[PDB]
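S.K.: need a 3D model of the sequence below.
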Amino acid sequence: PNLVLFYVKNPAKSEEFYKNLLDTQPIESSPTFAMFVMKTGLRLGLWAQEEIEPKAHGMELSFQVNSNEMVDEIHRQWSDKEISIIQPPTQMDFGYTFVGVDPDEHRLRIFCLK
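M.R.: Numbering: from 1, shown residues only. Now the structure:
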């Protein structure tokens, strides 16, 4: 479920960098997003900076969950825990999502894919 998200200026060029670095093909690529999955299991996404909401000022630690209801449930838990939230549950083009931040402004995203 875990996914490291890097904001990138150009997903096409970033994807080539990582394909070369990792000597691995991305499992998915597009003009706006590419995803690499490590044999070890770590998942790395490269996401066009211009596509990010909330607007990007350079990465996120993200958690993929099973349904929109699970997204809402975690949102409730995080509110109860007093975790700063910078984007409430929202229908984006790729699915349903919200984002919090830690005490050092690292973004933490929960999402369920369409």
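S.K.: am I right that residue 104 sits in a helix?
M.R.: No. Residue 104: not assigned to a helix; according to DSSP: H, G, I helix; E, B strand; the rest coil it is coil.
S.K.: how many neighbours does it have?
M.R.: Around residue 104 there are 5 other residues, counting by other CB atoms under 10 Å. In this view, the C-beta of every residue, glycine as well, is placed from N, C-alpha and C.
S.K.: now residue 103
M.R.: 7.
S.K.: where does it fall, phi/psi-wise?
M.R.: phi -60, psi -10 (degrees, to the nearest 10).
S.K.: what residues are up against it?
M.R.: With contact set as CB atoms under 8 Å, 6 or more residues apart in numbering, residue 103 has no partners.
S.K.: next one: it from residue 97, what distance?
M.R.: Distance of residue 103 to residue 97, computed by CB to CB, to the nearest Å: 22 Å.
S.K.: next: residue 64.
M.R.: In terms of CB to CB, residue 64 sits 10 Å off from residue 97.
S.K.: same check, this time on residue 3
M.R.: Where residue 97 is concerned, residue 3 sits at a distance of 12 Å (CB to CB).
S.K.: same deal with residue 43?
M.R.: From residue 43 over to residue 97 the distance is 16 Å, taken as CB to CB.
S.K.: so which of these two has more stuff around it?
M.R.: Legend: neighbour count by other CB under 10 Å for residue 43 and residue 97, higher for residue 97 (23 against 16).
S.K.: excluding chain neighbours, what is closest to the more buried one?
M.R.: What sits nearest to residue 97 in space, not counting adjacent residues and going by CB to CB, 6 or more residues apart in numbering, is residue 111, at 3.9 Å.
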